[PDB]
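To keep things clear, I will list the structure first and then write my remarks on it.
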Amino acid sequence: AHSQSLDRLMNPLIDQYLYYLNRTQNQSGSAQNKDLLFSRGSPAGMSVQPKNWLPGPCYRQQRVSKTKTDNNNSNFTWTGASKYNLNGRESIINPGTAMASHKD
Amino acid sequence: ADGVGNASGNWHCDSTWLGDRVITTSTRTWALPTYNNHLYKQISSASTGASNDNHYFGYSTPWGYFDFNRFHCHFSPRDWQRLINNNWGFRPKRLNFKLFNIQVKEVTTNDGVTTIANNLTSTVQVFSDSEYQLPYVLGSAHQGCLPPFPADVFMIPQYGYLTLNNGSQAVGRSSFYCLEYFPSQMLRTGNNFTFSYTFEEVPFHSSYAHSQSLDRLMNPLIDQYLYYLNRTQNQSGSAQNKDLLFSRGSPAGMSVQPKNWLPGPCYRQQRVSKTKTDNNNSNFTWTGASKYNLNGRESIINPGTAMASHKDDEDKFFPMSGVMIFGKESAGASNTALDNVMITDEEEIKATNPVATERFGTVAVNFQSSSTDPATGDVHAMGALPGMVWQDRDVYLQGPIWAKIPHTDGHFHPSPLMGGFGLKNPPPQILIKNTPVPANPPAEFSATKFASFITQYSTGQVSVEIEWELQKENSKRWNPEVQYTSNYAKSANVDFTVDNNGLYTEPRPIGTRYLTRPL
Amino acid sequence: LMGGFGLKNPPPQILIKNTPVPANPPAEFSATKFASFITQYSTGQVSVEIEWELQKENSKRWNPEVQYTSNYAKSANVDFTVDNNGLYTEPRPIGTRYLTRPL
């Protein structure tokens with residue numbers, strides 16, 4: 001497994017030299033006025049910080065809980081399935097694109 | 001090995017143009033503080049009030065590191081001009097790195113009097129991570145690279161890294177690295193350090209624009225032999241009747257004419273005007289952003305897919321997260337005004353590449369029939385299709401050179417999105433640290449770790465030599481090219497110069513794309 | 001026009017500088033250029049050696065030439081010497097044109 005994640009590859013101690021658009025309206029005190037304000041990538045901002053890479057491809061699938069009571073009451077295995085259409089004939093995509101089974 | 005009184009290296013800043021090669025050499029003088037009082041520290045987003053998207057876990061290190069990964073570390077503005085006006089491409093070939101003329105200095109403070117003196121017997125430790133065994137922090141576009149201007153003295157940045165995090169906590173799979181657990185050379189004031197590196201084979205960066213566009217590749221004088229469906233109802237005079245009418249591709253119809261190729265991939269971004277009054281009144285930078293979702297944690301896509309910044313005569317618009325933005329020397333760190341930043345313009349690639357702020361195109365979303373009208377929908381994000389061609393993002397004199405390609409099962413076109421050369425085995429990280437020098441220990445043994453050290457720092461010179469390979473321009477074009485030029489008119493300052501206070505500034509970004517090539 | 005030898009490729013400019021020596025940097029990184037340095041200066045010796053070619057005087061002139069000479073009479077100081085405070089002075093310009101040649 002990777003001991004790092006794509007979005008965390010930066011040095012946590014150092015600012016970037018690249019700027020991003022931080023705010024389209026200034027705060028002031030009175031009212032919100034249109035503005036263009038720019039910040040450079042910092043460690044506090046890792047989510048807005050420019051990066052070189054993208055996560056892999058995605059074909060979304062329906063989420064189902066191992067606890068019965070959480071799931072919708074219906075049989076959705078076919079009707080809610082991720083499927084491909086080949087020669088007018090449907091086939092469930094399975095296991096499909098390699099993707100993480102769940103988040104943290 | 002040299003003594004106290006002998007210099008261990010000479011100053012070399014030069015650029016040599018020979019044939020298809022140019023060799024850049026740059027020497028800078030550096031200063032290395034002690035970081036973290038010689039300690040490794042767990043660092044985290046804990047108790048920062050961070051949003052879920054901003055959480056991190058990692059370590060700060062006592063070590064510093066050298067970063068030469070930007071183009072102005074190597075090319076002067078004039079040299080950059082020679083490159084971009086005369087060449088269709090270029091790539092890095094080999095690398096040479098040297099540290100020399102080391103001075104370690106101890107700092108003593110009594111009352112408000114700081115005294116600095118040579119410590120001749122102290123060392124610094126240096127190693128390159130050649131096997132890529134450390135988290136690779138280069139290629140995130142951090143500041144702390146060699147200064148553009150050779151007379152500037154720069155401070156060495158502190159090395160740190162991140163590992164897997166769940167919120168502000170760690171996971172048993174998170175890695176900790178001690179840099180003292182590598183071998184490293186120890187240098188007193190007479191010692192020097194060197195190593196060399198060879199770049200792997202990479203494509204030439206394309207420094208040129210296409211003189212054609214994908215949809216204009218046909219002969220304007222000649223019809224095709226292919227037919228397309230022109231009309232589904234005939235005009236007649238009385239009323240519109242269902243019909244099937246076919247025309248062959250002609251010069252009047254270039255838009256409906258069958259073609260072999262598709263424009264490159266597209267991930268649409270929000271359009272924002274450089275004139276405040278045009279934009280919506282709201283703060284949409286986060287809520288309207290193009291973002292990716294990784295482990296329940298959002299990250300803005302930026303600069304993202306290489307796309308044209310604007311279409312014809314829309315130059316006032318730019319992609320919100322989709323362009324490289326450099327700060328001027330007058331820019332603050334946060335919420336600085338537009339006049340303090342320099343927004344790059346990717347316009348040259350609109351020949352093959354979608355405009356960043358527009359849809360890729362339209363798709364049929366249904367089955368039409370006599371009962372139901374044909375419906376279409378906009379494609380705002382389009383992945384790779386067979387037949388797509390595209391240009392990569394341009395590089396810039398103050399932009400980055402390389403990035404490390406992540407080590408993964410799969411890649412698609414692993415060109416770094418901020419621009420430059422994707423490398424499986426990039427130039428290695430070069431790590432440097434002042435060796436701890438204990439203060440006077442107590443007269444009876446204690447097993448407790450020393451917290452008490454002589455304050456010191458180090459300084460020296462660093463040289464980087466890069467050989468670049470050039471791709472010459474073969475064009476048969478009759479008329480003159482567009483060239484990068486300085487303005488001939490008078491002004492108060494000269495571009496890319498110091499001012500009367502000694503401050504070197506860079507007036508604007510300079511891309512590589514001037515010369516042209518047929519498509 | 002001020003006199004001397006016009007040279008396409010003259011003796012080159014020789015440039016010298018004290019290498020900057022930063023003072024103690026802060027404990028946290030800053031990307032700002034160092035403004036703080038240890039004050040220092042340098043001193044040494046310099047030698048210049050020039051070989052000159054001479055053109056000898058071939059004259060058949062019978063009578064004595066005009067010569068540059070120092071005055072033989074007594075005076076308080078000697079020309080081209082230091083004074084009692086150690087100050088070296090040059091009393092006058094000395095040109096090169098004394099010997100003669102036919103035209």
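Chain labels run A, B, ... following the order of the structure tokens; each chain numbers its residues from 1, and ligands are numbered from 1 in the order shown.
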
- Task: Excluding residue 18 in chain A and any residue of its chain fewer than 6 positions from it, enumerate the residues within 9 Å of it, using only C-alpha atoms, and give them as a list in words.
- Result: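 Listed by chain and then number, they are residues 39, 40, 41, 49 and 50 of chain A; 141, 142, 143, 324, 325, 326, 327 and 399 of chain B.
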
Which residues, written as a CSV table (one decimal) with N, CA and C atoms, in the first residue's frame, have at least one atom at most 10 Å from residue 412 in chain B, with only C-alpha atoms counted and residues fewer than 5 positions away on the same chain left out?
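This is the output file around.csv:
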chain,number,residue,atom,x,y,z
A,54,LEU,N,-3.8,13.6,-10.8
A,54,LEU,CA,-5.2,13.3,-10.6
A,54,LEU,C,-5.4,11.9,-10.2
A,56,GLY,N,-7.3,8.2,-10.2
A,56,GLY,CA,-7.6,7.4,-11.3
A,56,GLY,C,-9.1,7.4,-11.7
A,57,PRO,N,-9.4,6.6,-12.7
A,57,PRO,CA,-10.7,6.7,-13.3
A,57,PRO,C,-11.8,6.2,-12.3
B,384,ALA,N,-10.5,10.2,-22.2
B,384,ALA,CA,-9.7,9.9,-23.4
B,384,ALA,C,-10.6,9.1,-24.4

Contacts of chain B with chain A up to 7 Å, shortest pair per row, only C-alpha atoms, as a tab-separated table:
residue	atom	partner	partner_atom	distance
B:53	CA	A:47	CA	5.8
B:54	CA	A:47	CA	5.6
B:137	CA	A:11	CA	5.5
B:140	CA	A:10	CA	5.4
B:141	CA	A:16	CA	5.5
B:142	CA	A:16	CA	4.0
B:143	CA	A:16	CA	5.1
B:158	CA	A:13	CA	6.9
B:160	CA	A:11	CA	5.4
B:161	CA	A:11	CA	5.2
B:162	CA	A:8	CA	6.2
B:163	CA	A:4	CA	4.7
B:164	CA	A:4	CA	5.1
B:166	CA	A:104	CA	6.7
B:173	CA	A:3	CA	6.4
B:174	CA	A:3	CA	5.5
B:175	CA	A:3	CA	6.1
B:276	CA	A:35	CA	5.6
B:277	CA	A:34	CA	6.7
B:281	CA	A:34	CA	5.5
B:282	CA	A:25	CA	6.0
B:283	CA	A:24	CA	4.9
B:284	CA	A:24	CA	6.6
B:285	CA	A:23	CA	6.0
B:295	CA	A:103	CA	5.0
B:296	CA	A:103	CA	6.0
B:298	CA	A:47	CA	6.5
B:299	CA	A:47	CA	4.5
B:300	CA	A:48	CA	5.2
B:302	CA	A:50	CA	4.9
B:303	CA	A:50	CA	6.3
B:320	CA	A:21	CA	6.8
B:321	CA	A:20	CA	6.7
B:324	CA	A:18	CA	6.9
B:325	CA	A:19	CA	5.0
B:326	CA	A:18	CA	5.3
B:327	CA	A:19	CA	6.5
B:333	CA	A:39	CA	5.6
B:334	CA	A:39	CA	4.0
B:335	CA	A:37	CA	4.4
B:336	CA	A:38	CA	5.0
B:337	CA	A:37	CA	5.1
B:338	CA	A:36	CA	6.1
B:416	CA	A:52	CA	4.8
B:417	CA	A:52	CA	4.5
B:418	CA	A:52	CA	5.4

Could I get the residues of chain C with an atom no further than 10 Å from an atom of chain A, each paired with its nearest atom pair and that distance in Å to one decimal, using only C-alpha atoms, sorted by chain and residue number, as a Markdown table?
| residue | atom | partner | partner_atom | distance |
| --- | --- | --- | --- | --- |
| C:28 | CA | A:13 | CA | 9.4 |
| C:29 | CA | A:14 | CA | 7.8 |
| C:30 | CA | A:14 | CA | 8.9 |
| C:31 | CA | A:15 | CA | 8.9 |

- Task: With a cut-off of 8 Å and counting only C-alpha atoms, select all residues of chain C in contact with chain B and give the selection as an MDAnalysis selection string.
- Result: chainID C and resid 20:34

- Fewer than 2 positions away in the same chain doesn't count, so skip those; otherwise give me all residues within 12 Å of residue 473 in chain B, counting only C-alpha atoms, as a VMD selection string. chain B and resid 20 83 to 90 206 to 208 470 to 471 475 to 477 481 514 to 518

Would you put the residues from that selection into a file with N, CA, C and O atoms, as an mmCIF file, in the first residue's frame?
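Final output, result.cif:
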data_model
loop_
_atom_site.group_PDB
_atom_site.id
_atom_site.type_symbol
_atom_site.label_atom_id
_atom_site.label_comp_id
_atom_site.auth_asym_id
_atom_site.auth_seq_id
_atom_site.Cartn_x
_atom_site.Cartn_y
_atom_site.Cartn_z
ATOM 1 N N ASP B 20 23.325 21.488 -30.905
ATOM 2 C CA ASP B 20 22.001 21.214 -30.373
ATOM 3 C C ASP B 20 21.980 21.130 -28.855
ATOM 4 O O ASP B 20 20.971 20.711 -28.288
ATOM 5 N N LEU B 83 16.427 30.448 -26.243
ATOM 6 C CA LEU B 83 15.784 29.149 -26.317
ATOM 7 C C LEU B 83 14.456 29.231 -27.059
ATOM 8 O O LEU B 83 14.240 28.520 -28.043
ATOM 9 N N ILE B 84 13.563 30.109 -26.613
ATOM 10 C CA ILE B 84 12.190 30.062 -27.091
ATOM 11 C C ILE B 84 12.016 30.668 -28.474
ATOM 12 O O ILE B 84 11.056 30.328 -29.166
ATOM 13 N N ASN B 85 12.892 31.561 -28.903
ATOM 14 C CA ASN B 85 12.759 32.088 -30.249
ATOM 15 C C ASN B 85 13.348 31.186 -31.314
ATOM 16 O O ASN B 85 12.976 31.313 -32.478
ATOM 17 N N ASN B 86 14.316 30.353 -30.973
ATOM 18 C CA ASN B 86 15.017 29.579 -31.975
ATOM 19 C C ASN B 86 14.728 28.087 -32.022
ATOM 20 O O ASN B 86 15.270 27.410 -32.894
ATOM 21 N N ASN B 87 13.913 27.550 -31.133
ATOM 22 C CA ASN B 87 13.884 26.110 -30.945
ATOM 23 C C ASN B 87 12.461 25.597 -30.855
ATOM 24 O O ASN B 87 11.608 26.211 -30.215
ATOM 25 N N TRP B 88 12.212 24.470 -31.502
ATOM 26 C CA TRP B 88 10.938 23.782 -31.388
ATOM 27 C C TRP B 88 10.809 22.952 -30.126
ATOM 28 O O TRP B 88 9.686 22.653 -29.721
ATOM 29 N N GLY B 89 11.906 22.579 -29.489
ATOM 30 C CA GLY B 89 11.799 21.828 -28.260
ATOM 31 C C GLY B 89 13.119 21.772 -27.539
ATOM 32 O O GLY B 89 14.145 22.250 -28.029
ATOM 33 N N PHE B 90 13.084 21.125 -26.383
ATOM 34 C CA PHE B 90 14.257 20.965 -25.544
ATOM 35 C C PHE B 90 13.884 20.036 -24.408
ATOM 36 O O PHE B 90 12.711 19.877 -24.075
ATOM 37 N N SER B 206 7.277 20.744 -26.077
ATOM 38 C CA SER B 206 6.954 21.333 -27.362
ATOM 39 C C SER B 206 6.952 22.836 -27.180
ATOM 40 O O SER B 206 6.035 23.402 -26.591
ATOM 41 N N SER B 207 7.970 23.497 -27.706
ATOM 42 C CA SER B 207 7.962 24.947 -27.687
ATOM 43 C C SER B 207 7.686 25.424 -29.104
ATOM 44 O O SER B 207 8.572 25.631 -29.927
ATOM 45 N N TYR B 208 6.407 25.672 -29.331
ATOM 46 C CA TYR B 208 5.858 26.070 -30.610
ATOM 47 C C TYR B 208 4.354 26.088 -30.452
ATOM 48 O O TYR B 208 3.802 25.423 -29.579
ATOM 49 N N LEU B 470 18.555 20.416 -27.542
ATOM 50 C CA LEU B 470 17.698 21.310 -28.303
ATOM 51 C C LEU B 470 17.149 20.601 -29.529
ATOM 52 O O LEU B 470 17.827 19.768 -30.132
ATOM 53 N N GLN B 471 15.926 20.940 -29.897
ATOM 54 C CA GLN B 471 15.328 20.479 -31.141
ATOM 55 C C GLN B 471 15.186 21.682 -32.062
ATOM 56 O O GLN B 471 14.456 22.625 -31.753
ATOM 57 N N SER B 475 11.299 24.917 -40.176
ATOM 58 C CA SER B 475 10.153 25.443 -40.915
ATOM 59 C C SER B 475 10.473 25.999 -42.302
ATOM 60 O O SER B 475 11.530 26.591 -42.525
ATOM 61 N N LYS B 476 9.536 25.801 -43.231
ATOM 62 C CA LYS B 476 9.519 26.426 -44.549
ATOM 63 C C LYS B 476 8.618 27.649 -44.627
ATOM 64 O O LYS B 476 8.394 28.159 -45.722
ATOM 65 N N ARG B 477 8.054 28.085 -43.511
ATOM 66 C CA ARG B 477 7.228 29.284 -43.482
ATOM 67 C C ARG B 477 7.915 30.481 -44.131
ATOM 68 O O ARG B 477 9.088 30.754 -43.881
ATOM 69 N N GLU B 481 7.985 35.016 -38.124
ATOM 70 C CA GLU B 481 7.420 34.445 -36.911
ATOM 71 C C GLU B 481 7.094 35.513 -35.876
ATOM 72 O O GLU B 481 7.594 36.635 -35.918
ATOM 73 N N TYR B 514 6.308 30.333 -29.336
ATOM 74 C CA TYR B 514 6.429 31.428 -30.283
ATOM 75 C C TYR B 514 6.528 30.954 -31.716
ATOM 76 O O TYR B 514 5.712 31.347 -32.545
ATOM 77 N N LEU B 515 7.525 30.144 -32.030
ATOM 78 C CA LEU B 515 7.662 29.544 -33.340
ATOM 79 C C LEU B 515 6.459 28.665 -33.647
ATOM 80 O O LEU B 515 5.723 28.245 -32.759
ATOM 81 N N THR B 516 6.240 28.415 -34.928
ATOM 82 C CA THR B 516 5.081 27.650 -35.351
ATOM 83 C C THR B 516 5.495 26.431 -36.148
ATOM 84 O O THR B 516 6.617 26.322 -36.638
ATOM 85 N N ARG B 517 4.546 25.518 -36.264
ATOM 86 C CA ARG B 517 4.676 24.244 -36.933
ATOM 87 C C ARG B 517 3.327 23.917 -37.548
ATOM 88 O O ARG B 517 2.289 24.263 -36.975
ATOM 89 N N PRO B 518 3.300 23.262 -38.702
ATOM 90 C CA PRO B 518 2.025 22.772 -39.223
ATOM 91 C C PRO B 518 1.465 21.681 -38.331
ATOM 92 O O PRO B 518 2.193 20.998 -37.611
#

- Task: Would you please extract all strand (DSSP E or B) residues from range 22-98 of chain A, as assigned by DSSP on the backbone, and give them as a ChimeraX atom specification?
- Result: /A:22-26,33-40,83-86,89-92

- List the neighbours of residue 64 in chain C out to 12 Å using only C-alpha atoms; skip same-chain residues closer than 4 positions along the sequence, and give me the result as a VMD selection string. chain C and resid 59 to 60 98 to 100

- Message: Report as a PyMOL selection string all protein, DNA and RNA residues lying within 9 Å of residue 134 in chain B, evaluated on only C-alpha atoms, omitting residues in the same chain fewer than 2 positions from it.
- Response: chain B and resi 129+131-132+136-137+161+177+179+429

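The space separating CA of residue 263 in chain B from CA of residue 366 in chain B comes to 24.0 Å.
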
- Task: Rounded to one decimal place, report the CA of residue 372 in chain B-CA of residue 230 in chain B distance in Å.
- Result: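 Between CA of residue 372 in chain B and CA of residue 230 in chain B the gap works out to 20.2 Å.
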
Name the residues in contact with range 41-52 of chain C at a cut-off of 12 Å, using only C-alpha atoms, excluding same-chain residues fewer than 5 positions from it; report them as a compact mmCIF listing (two decimals) with N, CA, C and O atoms, in the first residue's frame.
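The file below, around00.txt, is the result:
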# COMPACT_ATOMS: atom_id res chain seq x y z
N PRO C 11 44.39 45.57 -22.32
CA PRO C 11 44.49 44.76 -21.12
C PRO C 11 43.13 44.62 -20.47
O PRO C 11 42.41 45.61 -20.28
N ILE C 14 39.94 43.62 -14.59
CA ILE C 14 40.16 42.64 -13.55
C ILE C 14 39.23 43.00 -12.40
O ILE C 14 39.42 44.03 -11.75
N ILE C 16 37.05 42.25 -8.83
CA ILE C 16 37.27 41.60 -7.54
C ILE C 16 36.12 41.96 -6.62
O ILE C 16 35.60 43.08 -6.66
N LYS C 17 35.71 41.01 -5.80
CA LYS C 17 34.60 41.23 -4.89
C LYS C 17 34.80 40.37 -3.65
O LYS C 17 35.32 39.26 -3.73
N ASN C 18 34.39 40.90 -2.50
CA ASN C 18 34.30 40.10 -1.29
C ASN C 18 33.06 39.23 -1.36
O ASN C 18 31.97 39.72 -1.64
N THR C 19 33.23 37.94 -1.12
CA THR C 19 32.10 37.03 -1.18
C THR C 19 31.18 37.27 0.02
O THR C 19 31.64 37.34 1.15
N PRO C 20 29.88 37.39 -0.21
CA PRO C 20 28.96 37.65 0.90
C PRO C 20 28.97 36.51 1.91
O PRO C 20 29.04 35.33 1.56
N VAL C 21 28.91 36.88 3.18
CA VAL C 21 28.90 35.93 4.29
C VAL C 21 27.67 36.21 5.14
O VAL C 21 27.67 37.16 5.93
